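So this first bit is one chain, no partners, the form deposited without the partner chain, shown in structure tokens.
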């Protein structure tokens, strides 16, 4: 449903997540041109993105173009592939840079591959409304540049309000790290979040952040930034099996 999400509008029988606000995916006065399967739309800082049309627990792919209006003229700043991983109460976007604006001339594009995680949204779980004991185990996907085959496993101890996970099966060994134990803290809006360190070979290589989503904290979504011998970003999305 690629060419859908871009054209079709949010009607809501659709499975959730249904909408995704683009904030970190598009800057204040910049434009994000998405296209795929004979469809095309433009955004849009704050603009919504119809995800209800996309498939669940999978990566949706679109072609993209990042521009900026300079004197009544749009100037391309970057282009490549836009990725979207949707769940029931959460979702996130990623950018696979295939070409970026030259450093000397504005009108000349250069081939540069970069991967970064954009937005991480959904139905935030209230920190003040988290379970009080027990442990929820979340299984899901870990995806990086040219690899969406990563496996994510994350456990949460609501009593101790701590979390800890693991990344496996990523083509890049240096990315299959451990998500060290981290404390669940309240957001500025009192949304349950989790930030901690990332380890490879019992060695701190970076940090990770997760948001808890769904009224029953059924899901977790965020990203990891890992230092390798060549810094890489990893998209994270996991859910606890349904009853």
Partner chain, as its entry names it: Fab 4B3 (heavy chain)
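Numbering follows the first chain given and starts at 1.
The modelled chain breaks between residue 230 and residue 231, where 1 to 3 residues of the deposited sequence lack coordinates. The stretch 40-48 shows the higher mean C-alpha B-factor when 183-191 is compared against 40-48 in the entry. A summary of the deposited B-factors shows that, of 218-226 and 11-19, the stretch with the larger mean C-alpha value is 11-19. By the numbers in the PDB entry, the CA B factor is greatest at 28 among 28, 58, 205, 61. When the Cα B-factors of 152, 100, 156, 130 are read from the PDB record, 100 comes out highest. Remark: residue 237 belongs to the lowest third of its chain, ranked by C-alpha B-factor as recorded.
When the modelled residues of the chain are ordered by their C-alpha B factor, residue 120 lands in the lowest third. Residue-level temperature factors show residue 173 in the middle third of its chain, judged at the C-alpha atom. When all modelled residues of the chain are sorted by CA temperature factor, residue 212 is found within the lowest third. For residue 136, the recorded CA B-factor ranks within the middle third of the chain. Only modelled residues enter the ranking.
Omitted from view is the form solved in complex with the partner chain, to which the following refers.
Interface residue among 183, 40, 57, 47 relative to the partner chain in the deposited bound form, by the heavy atom within 4.5 Å criterion: 183.
Among 88, 162, 79, 141, the residue placing a heavy atom within 4.5 Å of the partner chain in the deposited bound form is 162. At least one heavy atom of residue 190 is located within 4.5 Å of the partner chain in the deposited bound form.
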